Amino acid sequence: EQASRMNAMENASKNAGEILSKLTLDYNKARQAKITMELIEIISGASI
Amino acid sequence: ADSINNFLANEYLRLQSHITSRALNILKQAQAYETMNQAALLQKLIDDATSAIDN
Amino acid sequence: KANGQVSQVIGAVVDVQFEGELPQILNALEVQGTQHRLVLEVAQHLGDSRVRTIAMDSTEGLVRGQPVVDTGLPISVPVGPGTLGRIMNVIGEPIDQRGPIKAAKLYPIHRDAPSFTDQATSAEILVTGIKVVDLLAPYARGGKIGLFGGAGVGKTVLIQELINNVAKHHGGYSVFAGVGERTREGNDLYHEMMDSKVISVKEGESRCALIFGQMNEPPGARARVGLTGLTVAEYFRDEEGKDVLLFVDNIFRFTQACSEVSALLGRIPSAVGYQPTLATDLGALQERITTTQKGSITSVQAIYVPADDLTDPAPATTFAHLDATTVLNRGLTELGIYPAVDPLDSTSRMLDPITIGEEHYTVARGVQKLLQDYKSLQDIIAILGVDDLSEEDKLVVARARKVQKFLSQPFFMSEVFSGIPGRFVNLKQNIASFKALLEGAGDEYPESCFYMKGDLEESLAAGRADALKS
Amino acid sequence: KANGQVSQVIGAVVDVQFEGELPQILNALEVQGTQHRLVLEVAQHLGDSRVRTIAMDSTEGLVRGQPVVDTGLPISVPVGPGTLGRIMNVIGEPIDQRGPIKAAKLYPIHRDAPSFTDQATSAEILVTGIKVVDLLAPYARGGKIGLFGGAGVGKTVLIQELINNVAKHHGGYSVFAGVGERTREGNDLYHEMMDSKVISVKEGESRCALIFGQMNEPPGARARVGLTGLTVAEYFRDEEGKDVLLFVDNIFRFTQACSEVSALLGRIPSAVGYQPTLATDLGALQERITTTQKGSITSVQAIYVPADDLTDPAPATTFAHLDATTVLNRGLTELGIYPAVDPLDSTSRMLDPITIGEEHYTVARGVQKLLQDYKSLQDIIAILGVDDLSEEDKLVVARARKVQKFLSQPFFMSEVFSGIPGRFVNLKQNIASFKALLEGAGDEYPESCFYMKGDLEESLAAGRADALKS
Amino acid sequence: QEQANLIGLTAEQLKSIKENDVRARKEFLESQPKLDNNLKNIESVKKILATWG
Amino acid sequence: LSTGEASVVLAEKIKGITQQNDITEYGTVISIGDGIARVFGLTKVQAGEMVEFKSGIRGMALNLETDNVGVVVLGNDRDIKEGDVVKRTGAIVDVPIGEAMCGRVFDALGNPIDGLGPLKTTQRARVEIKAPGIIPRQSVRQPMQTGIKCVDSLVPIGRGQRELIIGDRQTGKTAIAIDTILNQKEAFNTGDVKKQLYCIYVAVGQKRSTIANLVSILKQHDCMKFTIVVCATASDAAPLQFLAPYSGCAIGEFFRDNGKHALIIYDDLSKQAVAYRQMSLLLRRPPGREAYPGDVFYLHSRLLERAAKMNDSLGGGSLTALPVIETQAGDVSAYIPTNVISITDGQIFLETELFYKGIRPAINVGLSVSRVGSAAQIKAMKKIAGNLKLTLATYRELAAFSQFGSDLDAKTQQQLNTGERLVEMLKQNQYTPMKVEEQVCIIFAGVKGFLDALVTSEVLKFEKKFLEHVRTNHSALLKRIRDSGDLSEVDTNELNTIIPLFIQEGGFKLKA
């Protein structure tokens, strides 16, 4: 039990880290798109 | 006895409601057609006026 | 004799062409020939005898070349006791249909804030009857109070309770300025104050003023109707040293209304589309709402948080001007606790061991730390549960839940929704009630009784009643 | 007469200066003194006898002041049985080197949508042979269909399958319109159409028309090529009256093309750069593709999802106009499931208990509910395996895998890619196949035997053989 | 003359009214009770239902 | 009235027809493009005033500039050319109102598109009018029965409030609106004017084929006799989509000011914002966040704020608004959805997950809320509605432990099962509205726990069989609940006794 439990937590923590890192990339990607969207709005209003 | 006595009683009212409803629907339904005939007759009068303008 | 004339009309912005003696900025201009009285506030001088103004009423029906009269002074509204118990418009018109408003004189809605040397700040506890508020975020008489809440969180109902609890039995007068909110709530509050005898038709009564800038009003009016209500409170403050209770509805509509016209005015949009003058426009209003040597104003203003995003520029800048803060959380409403006052985010400048009694300060932090610890345990409890926790942690979660549920308090304004009559809790009973729970006085009884109760004794009595019932 | 003169040339937008009698909007103008005749559609009257137009062909070689002739009518393309089996250009020119097209009349590509009085329901299911489609989002002939998918997800392959299963056996005429796509597919499609005997050079055959607006064309051409092909379809709908299969390749290019030229036309960009007339411009093109009392047009339109962002304004607004929807997911392609159809995102108006048999409705919801429940657990399944999962939930997960693998099937057109022969699944077999699978018929067999299978009985034969060898 | 001119009830127009009256009758008589379906299988009850009219 | 008398009045009316024509200023168009027409001269023109072009199409003068005038083409702008004449009519935009509007389909401007015949109406009201003040309003205390169990029980809608139907595409937003119109048909047949509710459906940016299918369903169920459909399709110009909401709203004010009750249903407003955004961008106005104009909030607020409950002094009329909002990916944090939520009173959140899991109507009770609350529900509903909310609240909590499993207390199993009966009970098919009194009976059996006996799969069919059994045998019970509107103790004992009895009578799976 303790042996299989330890191995399970290792695999679980491993998978938890991989997914957490993947979302971090999407978070940064979304961050760039957010700044891009807001910045264009300001330029569009400043143009007129 | 009381189950059939109450059945014929309530059934009698259902039959009475059926007749009065029938006698009322036929009258209202006939009135609906009567109004339609009147509107069609007057509509022809308006149709005659429009044709006179075209002529 | 009208000197100006309409030259350009686009949306709510209207330009007037003057021949000579242009009106100063913020001046009130009267357009002649309109079915309804239209007032234009001078905002910018574009040169060539041109001025850009914002319309307070619907611009539909205007015509280029329509004569415009210059009043020579900013929008002046009637002040004095005649406005008490009466609804007034942004330009001072009585929309209550009760007749003209009698005012000893007319004051302008634009004025300089009081100097710093004559600030005369003071701290005094305000027993509002709410235990969660009087304990964690005490209010100061004469200081600003902020109710940060999202869409449909219960900030409007909370304002009604404060009026029912604070406005009544108040020697001084009260002012209610509702800007940008729906008109349905205005009619309900008007009928509520009438039934509650807060306002009445008989003169010499109704020690409470009502101002409404509801959605039905167009832009510009919703951004200046708030100033109208403030002028009424300022009159009751300066002319008479009477404590004034200013109940301001959601104020985000003010900053929002300015952004609705900021684009047409020529300003470049901000990071979130707001006007570049957000800070200055808000600062001019906040600095005017403060206590002075003449009188004091206890302003209760609500801040609408769009999308529950506290990082928005408008509310973020408001935190700096508020003395007491009440941040409403949506999670509590899902749990059924009311008022849904966030105990951790909510803060109060009066929460100082030197200002308030040390015992009051101690019990306050004791609850904050208890709830903070319970929140961290939620993570491990989700996977392992409360059983796998230690005896020390179990007691933390046990008392934390009882304290969290005990914060819920039914008020008179919530009877229609819940069906339980409101209740008033004193400061002494409030501090003593929570102080006992921190020591484990109620750890024996179930956590179910510590829900929607006024005092700890009421919870214990309900606990015993449930026992004999089963 | 050459009353017009080129005023300025900017990319694909060209202005023309006329002396008098300006052409109406949408009128076609022909520039003189340039090989590869250029057509210009009137779009705006800038004033002072200046009109702004869009170029259909490359503008390189134009000189300011060059004369321009006014035709006085919009772009008129030939329509009729002559266009059948013939490739036309955005301006009606034949690009197949087959000679002049024989058309009775030339109809303008600009026409108003059918009125509200001339509209027909035509709620009849269209069996395409694809089990996943006929089950979740069954297509109905005479209605609008939309295929949403990203770059390289199986949109073209799916169109080819429908043409092989529906267009060939179809009785009435057909129209294929390519908008901003690789010309290679146009050539392969043309030769493939000839080989399959669907079209031939002999007169009286080739009950199908071909239109191409491939990427090689500049802006303005990809934005009006659809109107050209659509006009050929409206002719068969109204005049011929027979059914029509209007195959429309990726249409996002149309909306994109408008955006590429909107900036040049002086329009203010939209939220994310698109044109402000996206809704209206797209609507005029969408409202015309509808079934009326004269004839029915079953339109299969592909929608390219830019950057896999379904929230983009272009595809989002398209959903409101589509009857049947089939959203393609890239995640499925990675798993190897083809066709990569998302059952939870593929909506269809034809799915209702009254229109289709009640049994078909129950089996459809059974699969959707099964996959929906499994989708609600994929998160935890990723962190940790399904061993710790509850028994009832494990059964849902296990059976969900079987259904997911069974949805995939080989296509005849994609036989070269996978290397296995295609499969045509009848509607009765489709319903019966999933009915037995939901009941737990093939749960004992491995999920691999359901991968790329036509019918449920086929998977059992493979699954049973896999159990025999071991 | 307005009695008939105003309301010119044609033969078919009144015929439709008469059919509704008959339809109401057939519906009222032919309407049979709706009890437990698979339980009222007795030879007597089924005989009555057949000759319900 | 004799035929001769009516004909004479008809002829006399045609005789009294006046037609006066006065000098109307006209101007020339400096430029025309994308539906925007810059006009030279044409001074002394009012904002929003109606103008007519050469072809005969109308226009609205919105931008009044010192140099020119910005006019929007209210129709197809192909025939417009430079230098064309533009005649000002002298009247603000308006639309025809009256009772003849019912049973027809009009456009944004008000022209009938059904093709039956011309509109016979004499009253025309301005499209944009100031909303009622504070005094004319009145507290909402009348229920607006939609026919849905979950709505009429958890999210009661009172006549005079504003409820928001918010959800994603193909989440049942339109299904809810149709079910409401169908339910009001019964009240229209019976002679109860105090409960008649005229329905108004505003179609903005929708394919005509869908609206055609919509109208056919109403005629199928005979519910079109009291329905008004305003159509602003995608092919229609943006101003038409911008005015159609206010246009239909003015039609509702007719019934409102006349003491009547009207129900207006605004379709997706995001399409209006696009048309309003398009209309603003083409006018060269400075755009705001997300390219929308600065006063986009004032648009929906001005429109929705008109719906109110007029006091008895003006007739006691009421106008109920049911605006719809379409979300891209269920994100309610966007700009337009956030604003609309703050304007309306309550909002109905539709979830895509619940829809595919068999929960149709897919309603998220956790977020839905109504300001009126129990103030609108009937006595027999408030009592049962209160307990229903608490039971459903607990079930959502125990949902997680179901996965945990490995043990279940006796009470938790009951609460888990009991909640499952309610969820299965609130489900409802499409085009199947239920009467208010019938819902009280079914919703009653659920909270009491009687549904825990039979299997969940048999609860939905039990509803149909139970209601049918009640209508036939227990007819006096339904009459009392309807007339008195309260669930007396005598009805409770009778109802509490037959529900366990009926379950044993019918052939069901009693094994829980």
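Which chain is which? They are A, B, C, D, E and F, in the order written, and residues in each are numbered from 1.
Note that a residue touches a chain if its C-beta (ideal position, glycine included) is under 8 Å from a C-beta of that chain, and two chains touch if they have at least 3 such contacts.
Trainee: Touching both subunit A and subunit C, which chains are there?
Mentor: Chains that touch both subunit A and subunit C, as defined above, are F.
Trainee: Applying the document's contact definition, name the chain pair with more C-beta pairs in contact, B-E or A-D.
Mentor: B-E
Trainee: Where the centres are mean C-alpha positions, what is the separation of subunit B from subunit D, in Å?
Mentor: 53
Trainee: Any idea how many Å lie between the Cα centroids of subunit A and subunit F?
Mentor: Each chain's C-alpha centroid was found; their separation is 40 Å.
Trainee: Express in whole angstrom the distance between the two chain centres, defined as the mean CA positions of subunit D and subunit F.
Mentor: Each chain's C-alpha centroid was found; their separation is 34 Å.
Trainee: Would you give the residues of subunit E that are in contact with at least 2 other chains, written as numbers and ranges?
Mentor: 5-6
Trainee: Which residues does subunit F have that touch at least 2 chains other than itself?
Mentor: Expected reply: 3, 284-291.
Trainee: Going by the touch rule set out above, which residues of subunit A reach two or more other chains?
Mentor: Subunit A, residues with two or more chain partners: 41, 44-45, 48.
Trainee: What chain pairs are in touch here?
Mentor: A-C, A-D, A-F, B-E, B-F, C-F, D-F, E-F
Trainee: Give every residue of subunit B touching subunit F within the complex, in rising order.
Mentor: For this pair, the touching residues of subunit B are 38, 41-42, 45, 49.
Trainee: Can you tell me which positions in subunit A touch subunit D when the two form their complex?
Mentor: Touching subunit D: residues 8, 11-12, 15-16, 19, 37, 40, 44, 48 of subunit A.
Trainee: Using the touch definition from the top, list the residues of subunit A that touch subunit F in their complex.
Mentor: Against subunit F, the touching part of subunit A is residues 41, 44-45, 48.
Trainee: Can you list the residues on subunit F that touch subunit D in the complex?
Mentor: Checking each residue of subunit F against subunit D gives 29-34, 38, 76-82, 105, 113-115, 169-170, 205-209, 211-213, 216, 231, 233-238, 268, 271, 274-275, 277-278, 281-282, 284, 287, 290-292, 326, 328-329, 331, 352-353, 356-358, 402-405, 429-431.
Trainee: What residues on subunit C touch subunit A, complex-wise?
Mentor: Touch residues, subunit C against subunit A: 263, 268-273.
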